[PDB]
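Below: one structure, written as structure tokens.
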Amino acid sequence: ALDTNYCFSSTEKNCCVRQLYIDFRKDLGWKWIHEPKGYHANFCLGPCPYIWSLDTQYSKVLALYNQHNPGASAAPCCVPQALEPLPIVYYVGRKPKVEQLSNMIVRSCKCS
Amino acid sequence: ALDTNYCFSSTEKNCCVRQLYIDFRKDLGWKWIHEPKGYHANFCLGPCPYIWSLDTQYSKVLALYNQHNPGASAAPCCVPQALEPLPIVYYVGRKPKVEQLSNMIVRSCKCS
Amino acid sequence: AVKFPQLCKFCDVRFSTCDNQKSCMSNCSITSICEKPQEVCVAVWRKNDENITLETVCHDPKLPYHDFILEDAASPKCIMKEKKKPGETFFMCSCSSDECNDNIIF
Amino acid sequence: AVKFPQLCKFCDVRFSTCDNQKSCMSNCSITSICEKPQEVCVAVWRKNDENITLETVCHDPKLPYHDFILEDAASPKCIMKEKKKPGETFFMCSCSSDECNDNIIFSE
Amino acid sequence: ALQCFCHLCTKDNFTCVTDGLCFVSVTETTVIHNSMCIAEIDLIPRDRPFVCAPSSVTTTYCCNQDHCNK
Amino acid sequence: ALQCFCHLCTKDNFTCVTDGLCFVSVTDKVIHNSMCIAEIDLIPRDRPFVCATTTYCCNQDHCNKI
């Protein structure tokens, strides 16, 4: 529900997972990661109309409100929900440590 | 991290719980709730600069990304972390019914 | 599809003073969700001799409330129609919209 | 307070092409976190007769590398302070700044 | 055992099994209508869930039969 | 096991207990922020990116400068 399987396969303006490449050195500033030089992380973007994948009840109550008060600076935000790891390789001295970076990529999003 | 106690006492103009009152009959359009007639739900609002109640590693990455890239449209979002129930009284027929609406109040926020 | 009940005023027989007026407010705090989907809104107004009553309930149109089959049970508004009864005035109405029996229409 | 290990180039001894220049660029494709938090970066430029070799590693300043005291091991930059060694030229710098041994110096 | 039609359920047959009801809403654009499953635990109140009593240019309605989501 | 100085911990005597370190930064006015960091968040361990406008990650109790 609102994962890459859907968002990448279909097309729409509402909250959904979007494409977003990231170079570690240039965008994050990190210089310690040996591999990869970057990765695909994606990100959540798009309005959250009423009843469009609203996480909890407060999510709906907030949408309803907004719907009745158009432009009220108060509504659900399109944020991540399922995050995945990222296999990396960095050097500690001479022996390269190969480990996984947790919650680095996004699988799905949700309005809340 | 950002909670009711912190942000109702001060003014951080950064991601945190703002104050919001919702009138069932005029804000949401519900006429089935006998009591209360409204309640303080609040909401979350404000930017998410690097290391400012960033929830997950991905949030840390998105922030660091938006830092090296201005107006990137991709940055952590101020969204609720702790939701709380709201006891309400509504009549089903002649019978006075009482229940707790789970996740209706926001007591804290976070960047995601 | 699925059928859901509607909102109606449900204060039953209560005191009232709405008199010789076009419209008045049932102004009873209790607004309820009718138990039965088929049920509609109903509002009775009575003034026997030395006082005034005012009933507000839900009621399946199939049955007759006080020997009066709900005529306008599908009506949008609560059209206060009249009914003759011995030794008492008898105004009764019905409707099919939400909280319709809150505003009587003489 | 905590004292964290910094990043340094760590390709050991590789064939180089750096010569007769005001400054060269190590170009080690390996940036590592020094095991020992006290360690610093090092850069050894040993030109034998025909071949030249550059060495980039992490190293504890409290020790002598190739029989030399790391006196410049507190500098943020890597300025090659030439030494004297038989049958070849020998420059050696050491600094304390993330990837400071990636840009060796003899100029300005 | 209800089984409704759901569109966000890509690699899931485009269907989902709920213990509550099926939901379908059509909105006017310039036709976007999505369908989903809503568990009974999120029907509030059960007797008359506000989720199934649509708000303002939209047309939503609930149904308790398999794939009744249009 | 540890015990650090927290900033947002209003109704908690401005403190917290973790097993990692105490984070602190600095800065036209001037402000700065202190907080806790679990040892699970210390990625990568040998040199957590969060710890390396200034930044300190002391390893003691209530060791947050100003």
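Residues are referred to by chain and number: the chain letter is A, B, ... according to the order shown in the structure tokens, the number counts from 1 in that chain, and ligands are numbered separately from 1 in the order shown.
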
Both chains have the same sequence, so superpose chain B on chain A over all Cα atoms paired in order and return it as a compact mmCIF listing (two decimals) with N, CA, C and O atoms, in the first residue's frame.
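Okay, this is what ended up in part-v6.txt:
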# COMPACT_ATOMS: atom_id res chain seq x y z
N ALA B 1 0.50 1.86 2.63
CA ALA B 1 -0.21 1.37 1.46
C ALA B 1 0.54 1.73 0.18
O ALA B 1 0.88 0.86 -0.63
N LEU B 2 0.79 3.03 0.00
CA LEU B 2 1.54 3.52 -1.14
C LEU B 2 2.95 2.93 -1.12
O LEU B 2 3.69 3.13 -0.16
N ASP B 3 3.30 2.19 -2.17
CA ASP B 3 4.59 1.50 -2.20
C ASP B 3 5.36 1.70 -3.50
O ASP B 3 4.87 2.30 -4.45
N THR B 4 6.58 1.17 -3.51
CA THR B 4 7.47 1.26 -4.66
C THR B 4 6.80 0.75 -5.94
O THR B 4 6.83 1.41 -6.98
N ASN B 5 6.21 -0.44 -5.85
CA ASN B 5 5.56 -1.07 -6.99
C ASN B 5 4.46 -0.21 -7.62
O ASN B 5 4.39 -0.08 -8.84
N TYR B 6 3.61 0.38 -6.77
CA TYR B 6 2.49 1.17 -7.25
C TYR B 6 2.92 2.47 -7.94
O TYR B 6 2.49 2.76 -9.05
N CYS B 7 3.79 3.23 -7.28
CA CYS B 7 4.05 4.61 -7.69
C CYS B 7 5.23 4.81 -8.64
O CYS B 7 5.46 5.93 -9.12
N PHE B 8 5.97 3.75 -8.92
CA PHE B 8 7.04 3.82 -9.92
C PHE B 8 6.52 3.31 -11.25
O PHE B 8 7.18 3.46 -12.28
N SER B 9 5.34 2.71 -11.22
CA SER B 9 4.70 2.22 -12.44
C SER B 9 3.74 3.26 -12.99
O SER B 9 3.53 3.35 -14.20
N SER B 10 3.15 4.05 -12.10
CA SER B 10 2.17 5.05 -12.51
C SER B 10 2.63 6.47 -12.21
O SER B 10 3.82 6.77 -12.17
N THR B 11 1.66 7.35 -12.00
CA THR B 11 1.92 8.74 -11.68
C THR B 11 0.70 9.34 -10.99
O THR B 11 -0.21 9.83 -11.65
N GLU B 12 0.68 9.27 -9.66
CA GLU B 12 -0.49 9.69 -8.91
C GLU B 12 -0.40 11.13 -8.40
O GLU B 12 -1.39 11.68 -7.91
N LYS B 13 0.78 11.73 -8.53
CA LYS B 13 1.01 13.11 -8.10
C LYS B 13 0.35 13.39 -6.75
O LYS B 13 0.02 14.52 -6.42
N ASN B 14 0.17 12.33 -5.97
CA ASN B 14 -0.40 12.41 -4.64
C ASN B 14 0.58 11.72 -3.71
O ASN B 14 1.43 10.96 -4.16
N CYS B 15 0.47 11.99 -2.41
CA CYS B 15 1.42 11.42 -1.45
C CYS B 15 1.88 10.03 -1.89
O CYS B 15 1.08 9.11 -2.05
N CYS B 16 3.19 9.90 -2.12
CA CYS B 16 3.79 8.61 -2.45
C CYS B 16 5.30 8.72 -2.67
O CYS B 16 5.84 9.82 -2.77
N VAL B 17 5.96 7.57 -2.75
CA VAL B 17 7.41 7.51 -2.94
C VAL B 17 7.84 8.09 -4.29
O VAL B 17 7.58 7.50 -5.34
N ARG B 18 8.48 9.25 -4.25
CA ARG B 18 9.15 9.77 -5.43
C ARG B 18 10.49 9.05 -5.52
O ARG B 18 10.81 8.22 -4.67
N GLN B 19 11.28 9.38 -6.54
CA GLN B 19 12.56 8.72 -6.74
C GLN B 19 13.69 9.68 -6.42
O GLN B 19 13.67 10.84 -6.82
N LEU B 20 14.69 9.19 -5.68
CA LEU B 20 15.81 10.03 -5.28
C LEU B 20 17.10 9.24 -5.15
O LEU B 20 17.14 8.19 -4.50
N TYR B 21 18.16 9.74 -5.77
CA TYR B 21 19.48 9.14 -5.65
C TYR B 21 20.37 10.04 -4.81
O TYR B 21 20.40 11.26 -5.01
N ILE B 22 21.10 9.44 -3.87
CA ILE B 22 21.96 10.21 -2.98
C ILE B 22 23.43 9.83 -3.15
O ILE B 22 23.82 8.68 -2.97
N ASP B 23 24.25 10.82 -3.52
CA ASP B 23 25.68 10.62 -3.69
C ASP B 23 26.40 10.98 -2.39
O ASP B 23 26.47 12.15 -2.02
N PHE B 24 26.95 9.98 -1.71
CA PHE B 24 27.57 10.17 -0.41
C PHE B 24 28.54 11.34 -0.33
O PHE B 24 28.50 12.14 0.60
N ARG B 25 29.41 11.44 -1.33
CA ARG B 25 30.49 12.43 -1.29
C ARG B 25 30.06 13.84 -1.67
O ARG B 25 30.74 14.81 -1.32
N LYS B 26 28.93 13.97 -2.36
CA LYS B 26 28.51 15.27 -2.87
C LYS B 26 27.14 15.70 -2.35
O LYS B 26 26.81 16.89 -2.37
N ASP B 27 26.35 14.74 -1.89
CA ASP B 27 25.02 15.03 -1.36
C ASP B 27 25.03 15.07 0.17
O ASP B 27 24.39 15.94 0.77
N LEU B 28 25.75 14.14 0.78
CA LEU B 28 25.82 14.05 2.24
C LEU B 28 27.16 14.53 2.79
O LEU B 28 27.25 14.97 3.93
N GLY B 29 28.20 14.44 1.97
CA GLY B 29 29.52 14.87 2.38
C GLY B 29 30.29 13.82 3.16
O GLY B 29 31.22 14.14 3.90
N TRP B 30 29.90 12.56 2.99
CA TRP B 30 30.63 11.45 3.59
C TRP B 30 31.73 10.96 2.65
O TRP B 30 31.50 10.76 1.46
N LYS B 31 32.93 10.76 3.19
CA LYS B 31 34.05 10.27 2.40
C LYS B 31 34.60 8.98 3.01
O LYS B 31 35.68 8.51 2.62
N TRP B 32 33.86 8.42 3.95
CA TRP B 32 34.30 7.24 4.68
C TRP B 32 33.67 5.96 4.14
O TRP B 32 33.98 4.86 4.60
N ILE B 33 32.79 6.09 3.15
CA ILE B 33 32.16 4.93 2.54
C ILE B 33 32.85 4.53 1.24
O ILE B 33 32.79 5.24 0.24
N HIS B 34 33.51 3.37 1.28
CA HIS B 34 34.24 2.85 0.13
C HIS B 34 33.31 2.35 -0.96
O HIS B 34 33.62 2.46 -2.15
N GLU B 35 32.18 1.79 -0.56
CA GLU B 35 31.20 1.27 -1.51
C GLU B 35 29.89 0.98 -0.79
O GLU B 35 29.89 0.41 0.30
N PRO B 36 28.75 1.36 -1.39
CA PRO B 36 28.64 2.01 -2.70
C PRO B 36 29.10 3.46 -2.68
O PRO B 36 29.42 3.99 -1.61
N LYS B 37 29.12 4.09 -3.85
CA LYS B 37 29.45 5.51 -3.95
C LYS B 37 28.18 6.34 -3.82
O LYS B 37 28.23 7.55 -3.63
N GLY B 38 27.04 5.66 -3.93
CA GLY B 38 25.74 6.30 -3.80
C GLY B 38 24.66 5.23 -3.76
O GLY B 38 24.96 4.05 -3.96
N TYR B 39 23.42 5.63 -3.52
CA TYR B 39 22.33 4.66 -3.46
C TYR B 39 20.97 5.32 -3.64
O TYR B 39 20.82 6.52 -3.40
N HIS B 40 19.99 4.53 -4.06
CA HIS B 40 18.63 5.04 -4.23
C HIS B 40 17.86 4.97 -2.93
O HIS B 40 17.43 3.89 -2.50
N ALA B 41 17.67 6.12 -2.30
CA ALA B 41 16.94 6.20 -1.05
C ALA B 41 15.48 6.55 -1.32
O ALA B 41 14.59 6.07 -0.63
N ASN B 42 15.26 7.37 -2.33
CA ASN B 42 13.93 7.88 -2.64
C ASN B 42 13.46 8.86 -1.57
O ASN B 42 14.23 9.24 -0.68
N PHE B 43 12.21 9.27 -1.67
CA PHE B 43 11.60 10.12 -0.65
C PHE B 43 10.09 10.15 -0.83
O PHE B 43 9.56 9.65 -1.82
N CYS B 44 9.39 10.71 0.15
CA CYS B 44 7.94 10.78 0.10
C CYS B 44 7.47 12.20 -0.19
O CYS B 44 7.98 13.16 0.39
N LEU B 45 6.52 12.33 -1.10
CA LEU B 45 6.03 13.65 -1.50
C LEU B 45 4.62 13.57 -2.08
O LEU B 45 4.26 12.59 -2.74
N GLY B 46 3.83 14.61 -1.85
CA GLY B 46 2.47 14.67 -2.34
C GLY B 46 1.47 14.98 -1.24
O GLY B 46 1.72 14.67 -0.07
N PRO B 47 0.34 15.60 -1.60
CA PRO B 47 -0.71 15.97 -0.65
C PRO B 47 -1.36 14.74 -0.02
O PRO B 47 -1.07 13.62 -0.43
N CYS B 48 -2.24 14.95 0.95
CA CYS B 48 -2.96 13.85 1.58
C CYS B 48 -4.45 14.17 1.73
O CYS B 48 -4.90 14.57 2.80
N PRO B 49 -5.21 14.00 0.63
CA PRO B 49 -6.66 14.21 0.59
C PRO B 49 -7.37 13.22 1.50
O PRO B 49 -6.75 12.23 1.91
N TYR B 50 -8.64 13.46 1.81
CA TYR B 50 -9.38 12.58 2.71
C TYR B 50 -9.41 11.13 2.21
O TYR B 50 -9.70 10.87 1.04
N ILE B 51 -9.11 10.21 3.11
CA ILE B 51 -9.02 8.79 2.78
C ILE B 51 -8.09 8.55 1.60
O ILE B 51 -8.53 8.31 0.47
N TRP B 52 -6.79 8.65 1.87
CA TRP B 52 -5.75 8.34 0.90
C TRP B 52 -4.53 7.86 1.66
O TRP B 52 -3.59 8.63 1.91
N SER B 53 -4.55 6.59 2.05
CA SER B 53 -3.50 6.01 2.87
C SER B 53 -3.28 6.81 4.15
O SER B 53 -2.15 7.11 4.53
N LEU B 54 -4.38 7.18 4.81
CA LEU B 54 -4.30 7.84 6.11
C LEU B 54 -3.96 6.81 7.18
O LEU B 54 -4.71 5.86 7.39
N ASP B 55 -2.83 7.01 7.85
CA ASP B 55 -2.32 6.04 8.81
C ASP B 55 -3.24 5.82 10.01
O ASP B 55 -3.75 4.72 10.23
N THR B 56 -3.47 6.89 10.78
CA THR B 56 -4.19 6.78 12.05
C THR B 56 -5.46 7.62 12.09
O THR B 56 -5.70 8.43 11.20
N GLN B 57 -6.27 7.42 13.13
CA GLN B 57 -7.49 8.20 13.31
C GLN B 57 -7.21 9.69 13.29
O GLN B 57 -7.98 10.47 12.73
N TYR B 58 -6.10 10.09 13.91
CA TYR B 58 -5.74 11.50 13.93
C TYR B 58 -5.53 12.01 12.51
O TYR B 58 -5.91 13.13 12.19
N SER B 59 -4.92 11.18 11.67
CA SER B 59 -4.72 11.53 10.26
C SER B 59 -6.06 11.73 9.57
O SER B 59 -6.22 12.64 8.75
N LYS B 60 -7.03 10.88 9.90
CA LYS B 60 -8.38 11.01 9.36
C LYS B 60 -8.99 12.34 9.79
O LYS B 60 -9.66 13.01 9.01
N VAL B 61 -8.75 12.71 11.04
CA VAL B 61 -9.27 13.96 11.58
C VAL B 61 -8.59 15.18 10.95
O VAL B 61 -9.27 16.13 10.55
N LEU B 62 -7.27 15.15 10.85
CA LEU B 62 -6.53 16.26 10.25
C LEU B 62 -6.94 16.49 8.80
O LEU B 62 -7.05 17.63 8.36
N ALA B 63 -7.15 15.40 8.07
CA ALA B 63 -7.62 15.50 6.69
C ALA B 63 -9.00 16.16 6.65
O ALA B 63 -9.19 17.18 6.00
N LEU B 64 -9.95 15.57 7.37
CA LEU B 64 -11.30 16.12 7.44
C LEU B 64 -11.28 17.58 7.88
O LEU B 64 -12.15 18.36 7.51
N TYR B 65 -10.28 17.94 8.67
CA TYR B 65 -10.13 19.32 9.13
C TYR B 65 -9.70 20.21 7.98
O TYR B 65 -10.32 21.24 7.72
N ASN B 66 -8.64 19.80 7.30
CA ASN B 66 -8.13 20.57 6.17
C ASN B 66 -9.11 20.63 5.02
O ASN B 66 -8.95 21.42 4.09
N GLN B 67 -10.14 19.78 5.08
CA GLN B 67 -11.14 19.73 4.03
C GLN B 67 -12.15 20.85 4.21
O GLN B 67 -12.49 21.55 3.26
N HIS B 68 -12.61 21.01 5.45
CA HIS B 68 -13.59 22.04 5.80
C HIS B 68 -12.90 23.38 6.04
O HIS B 68 -13.55 24.41 6.16
N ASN B 69 -11.57 23.35 6.10
CA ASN B 69 -10.77 24.55 6.30
C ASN B 69 -9.61 24.60 5.32
O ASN B 69 -8.61 23.91 5.51
N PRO B 70 -9.73 25.42 4.27
CA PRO B 70 -8.74 25.54 3.19
C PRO B 70 -7.46 26.25 3.63
O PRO B 70 -7.54 27.31 4.27
N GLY B 71 -6.31 25.68 3.29
CA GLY B 71 -5.02 26.26 3.64
C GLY B 71 -4.82 26.42 5.13
O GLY B 71 -4.18 27.37 5.59
N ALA B 72 -5.38 25.48 5.89
CA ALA B 72 -5.34 25.55 7.35
C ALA B 72 -3.94 25.34 7.92
O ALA B 72 -3.72 25.54 9.12
N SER B 73 -3.00 24.96 7.06
CA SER B 73 -1.62 24.69 7.49
C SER B 73 -1.54 23.42 8.33
O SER B 73 -0.45 23.01 8.74
N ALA B 74 -2.69 22.80 8.57
CA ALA B 74 -2.75 21.58 9.35
C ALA B 74 -3.37 20.46 8.51
O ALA B 74 -4.57 20.46 8.26
N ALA B 75 -2.54 19.52 8.08
CA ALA B 75 -3.02 18.41 7.26
C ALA B 75 -2.06 17.23 7.37
O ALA B 75 -0.88 17.42 7.68
N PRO B 76 -2.56 16.02 7.11
CA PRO B 76 -1.70 14.84 7.14
C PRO B 76 -0.50 15.03 6.22
O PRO B 76 -0.60 15.72 5.20
N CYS B 77 0.63 14.44 6.58
CA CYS B 77 1.86 14.63 5.81
C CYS B 77 2.36 13.32 5.20
O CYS B 77 2.27 12.26 5.81
N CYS B 78 2.89 13.41 3.98
CA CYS B 78 3.41 12.24 3.29
C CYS B 78 4.79 11.87 3.83
O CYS B 78 5.79 12.52 3.51
N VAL B 79 4.84 10.83 4.65
CA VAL B 79 6.09 10.38 5.26
C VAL B 79 6.25 8.86 5.16
O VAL B 79 5.26 8.13 5.14
N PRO B 80 7.51 8.39 5.10
CA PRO B 80 7.84 6.97 4.91
C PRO B 80 7.21 6.06 5.97
O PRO B 80 7.01 6.49 7.11
N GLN B 81 6.91 4.83 5.58
CA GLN B 81 6.32 3.85 6.49
C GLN B 81 7.22 2.64 6.63
O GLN B 81 7.39 2.11 7.73
N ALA B 82 7.79 2.20 5.52
CA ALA B 82 8.69 1.05 5.50
C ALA B 82 10.10 1.46 5.07
O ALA B 82 10.31 1.84 3.92
N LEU B 83 11.05 1.38 5.99
CA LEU B 83 12.44 1.67 5.69
C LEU B 83 13.24 0.38 5.55
O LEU B 83 12.93 -0.62 6.20
N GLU B 84 14.27 0.39 4.71
CA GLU B 84 15.08 -0.80 4.47
C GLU B 84 16.58 -0.54 4.58
O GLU B 84 17.06 0.52 4.19
N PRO B 85 17.32 -1.53 5.11
CA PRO B 85 18.77 -1.48 5.29
C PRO B 85 19.53 -1.33 3.97
O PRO B 85 19.00 -1.63 2.90
N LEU B 86 20.78 -0.87 4.06
CA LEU B 86 21.65 -0.71 2.91
C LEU B 86 23.06 -1.19 3.26
O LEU B 86 23.76 -0.53 4.02
N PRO B 87 23.46 -2.34 2.71
CA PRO B 87 24.79 -2.92 2.94
C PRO B 87 25.90 -2.04 2.38
O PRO B 87 25.86 -1.67 1.20
N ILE B 88 26.88 -1.70 3.21
CA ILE B 88 28.00 -0.88 2.76
C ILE B 88 29.35 -1.47 3.17
O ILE B 88 29.44 -2.23 4.14
N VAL B 89 30.40 -1.09 2.44
CA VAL B 89 31.75 -1.53 2.73
C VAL B 89 32.65 -0.34 3.04
O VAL B 89 32.82 0.55 2.21
N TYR B 90 33.22 -0.33 4.24
CA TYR B 90 34.13 0.73 4.62
C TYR B 90 35.35 0.16 5.34
O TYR B 90 35.25 -0.83 6.06
N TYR B 91 36.51 0.79 5.13
CA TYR B 91 37.76 0.29 5.69
C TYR B 91 38.13 0.95 7.01
O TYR B 91 38.30 2.16 7.08
N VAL B 92 38.25 0.14 8.05
CA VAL B 92 38.81 0.61 9.32
C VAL B 92 40.26 0.17 9.41
O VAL B 92 40.57 -0.93 9.87
N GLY B 93 41.16 1.03 8.95
CA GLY B 93 42.57 0.68 8.85
C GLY B 93 42.82 -0.09 7.57
O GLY B 93 42.41 0.33 6.49
N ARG B 94 43.51 -1.22 7.68
CA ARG B 94 43.71 -2.11 6.55
C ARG B 94 42.55 -3.09 6.43
O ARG B 94 42.38 -3.76 5.40
N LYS B 95 41.74 -3.17 7.48
CA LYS B 95 40.66 -4.15 7.57
C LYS B 95 39.41 -3.73 6.80
O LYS B 95 38.82 -2.69 7.09
N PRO B 96 39.01 -4.55 5.81
CA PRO B 96 37.76 -4.36 5.07
C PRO B 96 36.56 -4.72 5.94
O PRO B 96 36.35 -5.89 6.24
N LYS B 97 35.78 -3.72 6.33
CA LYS B 97 34.62 -3.94 7.19
C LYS B 97 33.33 -3.87 6.37
O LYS B 97 33.19 -3.01 5.50
N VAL B 98 32.39 -4.76 6.66
CA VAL B 98 31.10 -4.77 5.98
C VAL B 98 29.93 -4.74 6.97
O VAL B 98 29.89 -5.52 7.92
N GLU B 99 28.97 -3.84 6.73
CA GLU B 99 27.82 -3.71 7.62
C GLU B 99 26.54 -3.29 6.91
O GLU B 99 26.55 -2.93 5.73
N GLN B 100 25.43 -3.32 7.65
CA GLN B 100 24.12 -2.95 7.14
C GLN B 100 23.62 -1.70 7.86
O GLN B 100 23.40 -1.72 9.07
N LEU B 101 23.45 -0.61 7.11
CA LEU B 101 22.91 0.61 7.69
C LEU B 101 21.39 0.53 7.73
O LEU B 101 20.73 0.66 6.70
N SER B 102 20.85 0.31 8.92
CA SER B 102 19.41 0.15 9.09
C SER B 102 18.64 1.44 8.78
O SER B 102 19.09 2.54 9.10
N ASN B 103 17.48 1.28 8.15
CA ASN B 103 16.61 2.41 7.84
C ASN B 103 17.29 3.46 6.96
O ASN B 103 17.49 4.60 7.39
N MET B 104 17.63 3.08 5.74
CA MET B 104 18.28 4.00 4.80
C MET B 104 17.50 4.13 3.50
O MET B 104 17.69 5.10 2.76
N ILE B 105 16.64 3.16 3.22
CA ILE B 105 15.84 3.18 2.01
C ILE B 105 14.35 3.21 2.34
O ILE B 105 13.91 2.54 3.27
N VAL B 106 13.58 3.99 1.59
CA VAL B 106 12.13 4.02 1.79
C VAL B 106 11.41 3.22 0.71
O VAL B 106 11.53 3.52 -0.48
N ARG B 107 10.66 2.20 1.13
CA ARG B 107 9.92 1.34 0.20
C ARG B 107 8.44 1.69 0.15
O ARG B 107 7.73 1.27 -0.76
N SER B 108 7.96 2.45 1.13
CA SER B 108 6.55 2.82 1.17
C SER B 108 6.31 4.13 1.91
O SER B 108 7.14 4.57 2.70
N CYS B 109 5.16 4.74 1.65
CA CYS B 109 4.81 5.99 2.31
C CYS B 109 3.45 5.91 2.99
O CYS B 109 2.73 4.92 2.86
N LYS B 110 3.11 6.96 3.71
CA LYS B 110 1.83 7.04 4.41
C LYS B 110 1.55 8.48 4.79
O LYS B 110 2.47 9.31 4.87
N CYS B 111 0.28 8.79 5.03
CA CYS B 111 -0.14 10.12 5.43
C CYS B 111 -0.30 10.20 6.95
O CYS B 111 -1.05 9.43 7.54
N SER B 112 0.41 11.14 7.57
CA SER B 112 0.35 11.30 9.01
C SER B 112 0.51 12.77 9.42
O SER B 112 -0.30 13.30 10.18

Run DSSP on the backbone and give me the residues of segment 36-84 of chain C it puts in strand (DSSP E), as a ChimeraX atom specification.
/C:40-47,53-59,78-79,81-82

Writer output for current selection, C-alpha atoms, as a CSV table (one decimal), in the first residue's frame:
chain,number,residue,atom,x,y,z
C,40,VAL,CA,-36.8,7.8,10.7
C,41,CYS,CA,-37.2,11.0,12.7
C,42,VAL,CA,-40.5,11.8,14.4
C,43,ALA,CA,-41.7,14.8,16.4
C,44,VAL,CA,-45.0,15.2,18.3
C,45,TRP,CA,-46.4,18.4,19.7
C,46,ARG,CA,-49.3,18.4,22.2
C,47,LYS,CA,-51.1,20.9,24.4
C,53,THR,CA,-45.6,18.6,25.8
C,54,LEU,CA,-43.0,17.9,23.1
C,55,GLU,CA,-41.9,14.4,22.0
C,56,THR,CA,-38.9,13.6,19.8
C,57,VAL,CA,-37.9,10.1,18.8
C,58,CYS,CA,-36.9,7.7,16.0
C,59,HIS,CA,-39.6,5.4,14.6
C,78,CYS,CA,-40.7,18.2,9.5
C,79,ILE,CA,-43.9,19.5,8.0
C,81,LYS,CA,-49.4,18.6,9.9
C,82,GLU,CA,-52.4,18.5,12.2

Using DSSP on the backbone coordinates, identify all residues within segment 57-112 of chain B classified as helix (DSSP H, G or I); present the result as a PyMOL selection string.
chain B and resi 57-68

How far is it from atom CA of residue 33 of chain F to atom CA of residue 12 of chain F, in Å with one decimal?
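Interatomic distance here is 16.1 Å.
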
So what do you get for atom CA of residue 18 of chain C versus atom CA of residue 103 of chain C, distance-wise?
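The value is 11.3 Å.
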
Neighbours of residue 13 of chain E within 12 Å (only C-alpha atoms; same-chain residues fewer than 6 positions away dropped), as a JSON list (two decimals) with N, CA, C and O atoms, in the first residue's frame?
[["chain", "number", "residue", "atom", "x", "y", "z"],
["E", 3, "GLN", "N", -13.93, -9.90, 1.33],
["E", 3, "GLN", "CA", -12.80, -9.70, 0.42],
["E", 3, "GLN", "C", -13.14, -8.59, -0.57],
["E", 3, "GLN", "O", -13.98, -8.76, -1.44],
["E", 4, "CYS", "N", -12.48, -7.44, -0.42],
["E", 4, "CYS", "CA", -12.82, -6.26, -1.21],
["E", 4, "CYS", "C", -11.79, -5.97, -2.29],
["E", 4, "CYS", "O", -10.73, -6.59, -2.35],
["E", 5, "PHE", "N", -12.11, -5.01, -3.16],
["E", 5, "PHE", "CA", -11.19, -4.57, -4.20],
["E", 5, "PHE", "C", -10.36, -3.41, -3.68],
["E", 5, "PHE", "O", -10.89, -2.48, -3.06],
["E", 6, "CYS", "N", -9.06, -3.47, -3.92],
["E", 6, "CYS", "CA", -8.14, -2.44, -3.46],
["E", 6, "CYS", "C", -7.07, -2.19, -4.52],
["E", 6, "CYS", "O", -6.52, -3.14, -5.08],
["E", 7, "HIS", "N", -6.79, -0.93, -4.79],
["E", 7, "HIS", "CA", -5.90, -0.59, -5.89],
["E", 7, "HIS", "C", -4.44, -0.41, -5.46],
["E", 7, "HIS", "O", -3.52, -0.78, -6.20],
["E", 67, "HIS", "N", -15.84, -8.10, -3.48],
["E", 67, "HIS", "CA", -15.60, -7.29, -4.67],
["E", 67, "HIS", "C", -16.80, -6.44, -5.07],
["E", 67, "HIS", "O", -17.17, -6.39, -6.24]]

Could you list, as a list in words, the residues of chain C having an atom within 6 Å of chain E when counting only C-alpha atoms?
residues 1, 2 and 4 of chain C
